[PDB]
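**Q** Provided hereafter are the protein sequence and its experimental coordinates.
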Amino acid sequence: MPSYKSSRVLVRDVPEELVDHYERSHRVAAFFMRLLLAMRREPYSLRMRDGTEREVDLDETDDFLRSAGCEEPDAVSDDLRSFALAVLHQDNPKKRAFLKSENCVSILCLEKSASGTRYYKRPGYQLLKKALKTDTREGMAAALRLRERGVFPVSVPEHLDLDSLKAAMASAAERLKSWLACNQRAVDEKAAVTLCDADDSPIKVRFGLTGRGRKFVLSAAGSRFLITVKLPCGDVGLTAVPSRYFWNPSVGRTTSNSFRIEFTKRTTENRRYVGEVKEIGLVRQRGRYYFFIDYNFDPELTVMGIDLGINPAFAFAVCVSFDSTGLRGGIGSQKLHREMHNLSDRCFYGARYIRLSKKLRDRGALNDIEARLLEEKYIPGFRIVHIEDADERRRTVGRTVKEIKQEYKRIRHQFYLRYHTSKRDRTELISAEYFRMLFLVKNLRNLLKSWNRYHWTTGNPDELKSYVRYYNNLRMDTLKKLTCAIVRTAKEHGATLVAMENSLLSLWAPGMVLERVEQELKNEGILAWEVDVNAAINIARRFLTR
RNA sequence: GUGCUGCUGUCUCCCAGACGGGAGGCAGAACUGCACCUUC
DNA sequence: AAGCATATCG
DNA sequence: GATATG
C-alpha cells in the first residue's frame, strides 16, 4: 500500500558508542538467526565467507540449544518448532500469533514479561467496553508453555535494551523468512542460509520512533542532516556530509510520529520533493558508515506509442493524426560506436579461438567443421596469424589480448570523456553507445574468462569481479537514464496515456524494463499499458482500437 | 551520497610462464557535467 | 522478506 | 513513559 524511496547519507566521525551498538546488534541478530534455525530441529546448510557450503547436522543444533538454556530439547521439541513457525509466519494469517516478529522477544528474553496475558486489544473486549481461553493461538500457547517450564527465557549472549533486541529480531526474522521462501521454492522442484556479519553481510541496524529500536531525531542545517540517536548510554550526535540527493533539506516534526523532510534532488530540473521519514538504518560498507534514509512519498486525450529500439534508444509517436513523432537516443559518436562494435566482435571470436587452440594443442584437429569454423571466421574475426606450434601460438594470443585490452581502455576513456571534453552540451541524455558498451564489456569479460583458463586441458570468486561491477552499474544507469528520457518526453508532450509493447532481451528479462517504466510513469501521474517510428505509430494505433 | 567513470605515478597479492591476465591499496593532475528506490 | 500503529495504565 | 499487540 505505501510507496517508498531511499538514499544513503555518509557519516564520518561515528563515536565508539554507536560502533559498539552496531556490532552488538549484528552479533545478537546472528544469535537469533541461529536460534530460530535450531528451533526447527532440521538439518540445513550454511555458506561462509569462502563461498563453500557446510552442512550442520541435528546434533550441533541440539548442542546450541542446550547452550542457550534449554537443557532438555528432545522432551519439548514439538513446542519449540511450534514456536519457531509462528515467528517465521508459517501459520494462517487470520490467527497470526505474532503480527510482527519482534513481538516474541518479550517472551523470549524478558525476565518479568507478562506477554500472553493481556487482552485489551481483543475485539471482544472492545465490544464489551463499548456496551479468550480457546482464542489463544498455538504460537503463543507454546511460548507460554515453554516459559512455564523454566526453559524459554533464553540467555542472550550480549546484554541489550528491549528496543534494540526488537530491531535485531526484526532483521533476523526478515532474513530467515526470505531464506525460508527460497528454501520452499527449491524443495518444490522435486537453499543455504547466510548468517549476518558486521562487514561481509551487514543487516540494516534500524532506529524507529514507535518502539522498534532506539528513538532518533533528525534536523537540517544548511545543506546537511544532523542526526541524534538516543542510545541508553547517552545521546550520540552526528552530522552527515552534504548529499546532492538531499541538497537543501529542511525538516519538521509531524504530530504522527514522523519527520517531514523537504529536499531538492540535484538534476537539470532541481525539482523540490517532500517525504516522510519514520525509520533509519545504520549500515557499514567497507569501513564507511551510511544511514539508509527510506522516506515515504505521495504519488502525483493525449496518447503516446513507445517503441524500445536498440540503435535508437526509443521512438515516440504522440496523438486522428500523429502530429508529433520522433526518435531519442541515437548514435552520438559514429567512430566510437563503430570501434565499440569492432572490439566486441573481436572478443566474441577470440573466446572461441581460445577453445579451438586448446583442442588443437591437446588433441589436434578433430573434424572438418572445426577447421572450417577456425579458418573462415575465427581467424579473421580474431584477426591473428596462425602458428602450428603450441607455445608460439599461446604467445601470439597473449599479444592479441594485450592489444584488445589497450583498445578497450582507449574506448572506455573516450566514452567517459563525453561529459568532460568541453562538448558536454552536444551529449544527449541517452544514446545507443550505452548498450554497445554493455555488449562490449559482456563479450570482453567472456574473452578474459576463457584466457585465464588456458593453462589446463579441455577435459577464487574474486575473478573479474571489477568487470561484473562495471557491467551491473552501467546497466542500472542505462535503465535509469532511459526511463528518465521516456518520462521526460511523455511529460513535455503533455501526454496522459502511454502504450508500449544482441538485443534488449539479452540485457534484461522481459519484465523489469516494462515494470520500471510503468512504475515511473504512474508515479508522475501518467497511465500506461502494454499492448522505428513506424513501430511506435503501430503501437499507438493498436492501443487506439482497443 | 551511489553510480555514469575515467587518466597519470607508485605499491602489494593471485593465475600462468617470460607472451600476458586477474584483485586491490595509496598519491597526484583534469572536469565539475548527467541521472538517481534501496536492502534480502 | 522489508523500510509501523495503536491502546492501556501510570 | 513503558509494555504489549494489532
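**A** In hand now; what should we look at? Numbering: from 1, shown residues only, chains lettered A, B, ... in the order given.

**Q** For residue A:412, which residues are in contact?
**A** By C-beta atoms under 8 Å, 6 or more residues apart in numbering, the contact set of residue A:412 is residue A:437. (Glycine included, C-beta is placed from N, CA and C.)

**Q** Same question for residue A:418.
**A** With contact set as C-beta under 8 Å, 6+ apart, residue A:418 has these partners: A:332-333, A:424, A:427.

**Q** Drop anything exposed from these.
**A** Buried members of the contacts of residue A:418, scored by 16 or more other C-beta atoms under 10 Å, are A:332-333.

**Q** residue in the stretch 151-300 of chain A nearest to DNA strand D?
**A** residue A:211 (4.6 Å; C-beta to the nearest atom of the strand).

**Q** so what's that residue closest to, chain neighbours aside?
**A** In space, residue A:211 comes closest to residue A:163 once its chain neighbours are excluded; the distance is 6.2 Å by C-beta to C-beta, 6 or more residues apart in numbering.

**Q** What separation do you get for that neighbour and residue A:29?
**A** Counting by C-beta to C-beta, to the nearest Å, the gap from residue A:163 to residue A:29 is 14 Å.

**Q** helices or strands next to the strand or helix carrying residue A:486 in the packing?
**A** In the assignment (DSSP states H and E), residue A:486 maps to helix A:465-492. With contacts taken as 3 or more C-beta pairs under 8 Å, 6 or more residues apart in numbering; DSSP states H and E, helix A:465-492 sits against strand A:303-307, strand A:314-318, helix A:432-452, helix A:512-524.

**Q** Give me the more crowded residue out of residue A:163 and residue A:29.
**A** Each of residue A:163 and residue A:29 has its neighbours counted (other C-beta atoms under 10 Å); residue A:29 has more, 27 against 21.

**Q** so what's that one up against?
**A** A:168-169, A:171-172, A:196, A:203 are the contacts of residue A:29 under C-beta under 8 Å, 6+ apart.

**Q** Pull the most distant pair out of those residues.
**A** Spatial extent of the contacts of residue A:29 (C-beta to C-beta) is set by the pair A:169 and A:196 at 12.2 Å.

**Q** does any part of stretch A:254-266 sit near DNA strand C?
**A** Yes. Part of stretch A:254-266 sits near DNA strand C under the criterion C-beta under 7 Å from any atom of the strand, namely A:256-258.

**Q** and RNA strand B, which of the contacts of residue A:418 contact it?
**A** Answer for those near RNA strand B (C-beta under 7 Å from any atom of the strand): A:424, A:427.

**Q** Skipping adjacent residues, who's closest to residue A:161 in space?
**A** Excluding its sequence neighbours, the residue lying closest to residue A:161 (C-beta to C-beta, 6+ apart) is residue A:232, at 5.4 Å.

**Q** For residue A:1, give its distance to residue A:296.
**A** 11 Å.

**Q** for residue A:260, same thing?
**A** Note on residue A:260: its distance to residue A:296, by C-beta to C-beta, is 10 Å.

**Q** what sits in contact with each of the two?
**A** Among the neighbours of residue A:260, those also in contact with residue A:296 (C-beta under 8 Å, 6+ apart) are A:275-277.

**Q** Now render those as CSV, adding neighbour count, secondary structure and distance to residue A:179.
**A** Listed next are those as CSV, based on neighbours: other C-beta atoms under 10 Å; DSSP: H, G, I helix; E, B strand; the rest coil; distance: C-beta to C-beta, whole Å:
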residue, neighbour count, secondary structure, distance to residue A:179
A:275, 20, strand, 31
A:276, 16, strand, 31
A:277, 19, strand, 29
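
**Q** Would you mind checking which of those is nearest to RNA strand B?
**A** Of all the shared contacts of residue A:260 and residue A:296, the one with the least separation from RNA strand B (C-beta to the nearest atom of the strand) is residue A:275, at 9.7 Å.

**Q** Skipping adjacent residues, who's closest to the closest one in space?
**A** Nearest residue to residue A:275, sequence neighbours excluded (C-beta to C-beta, 6+ apart): residue A:295, at 3.4 Å.

**Q** Just give the number of residues close to that neighbour.
**A** Close neighbours of residue A:295, defined as other C-beta under 10 Å, add up to 22.

**Q** Double-check that it belongs to a strand.
**A** Yes. Using DSSP: H, G, I helix; E, B strand; the rest coil, the secondary structure at residue A:295 is a strand.

**Q** Would you confirm that it contacts residue A:9?
**A** No. The criterion here is C-beta atoms under 8 Å, and residue A:295 misses it with residue A:9 at 11.7 Å.

**Q** and residue A:426, what is it in contact with?
**A** Residues in contact with residue A:426 (C-beta under 8 Å, 6+ apart) are residue A:332.

**Q** one more time with 10 Å
**A** Contacts here follow C-beta atoms under 10 Å, 6 or more residues apart in numbering; on that basis residue A:426 touches A:332-333, A:418.

**Q** Identify the residues contacting the nearest residue to residue A:100 once chain neighbours are set aside.
**A** Counting by C-beta to C-beta, 6+ apart, the nearest residue to residue A:100 once its immediate chain neighbours are dropped is residue A:170, at 7.3 Å. Residue A:170 is in contact with A:29, A:32, A:100-102, A:105, A:203-204, A:206, A:208, A:212-213, counting by C-beta under 10 Å, 6+ apart.

**Q** Tell me which entries of the residues you listed lie within strands.
**A** In strands, judged by DSSP state E, the following of the contacts of residue A:170 are found: A:206, A:208.

**Q** now the contacts of residue A:170 in JSON lines, with distance to residue A:138?
**A** Formatted as JSON lines, the contacts of residue A:170 follow (distance: C-beta to C-beta, whole Å):
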{"residue": "A:29", "distance to residue A:138": "26"}
{"residue": "A:32", "distance to residue A:138": "21"}
{"residue": "A:100", "distance to residue A:138": "18"}
{"residue": "A:101", "distance to residue A:138": "16"}
{"residue": "A:102", "distance to residue A:138": "19"}
{"residue": "A:105", "distance to residue A:138": "19"}
{"residue": "A:203", "distance to residue A:138": "29"}
{"residue": "A:204", "distance to residue A:138": "31"}
{"residue": "A:206", "distance to residue A:138": "29"}
{"residue": "A:208", "distance to residue A:138": "29"}
{"residue": "A:212", "distance to residue A:138": "25"}
{"residue": "A:213", "distance to residue A:138": "29"}
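
**Q** what's residue A:286 sitting at in phi/psi?
**A** phi 40, psi 50 (degrees, to the nearest 10).

**Q** circling back to that earlier point, just checking: which of the contacts of residue A:170 also lie near DNA strand C?
**A** Taking C-beta under 7 Å from any atom of the strand as the test, DNA strand C is in contact with A:100, A:102, A:208, A:212 out of these.

**Q** Emit the PyMOL select command for whichever of those are buried.
**A** A single PyMOL command selects the buried members of these (16+ other C-beta under 10 Å):
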select buried, chain A and resi 102+208+212
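
**Q** among the ones next to DNA strand C among the contacts of residue A:170, which two are most distant?
**A** Pairwise distances across these (C-beta to C-beta) peak at 11.4 Å, for the pair A:100 and A:208.

**Q** Show me the common contact partners of these two, please.
**A** A:166, A:170.
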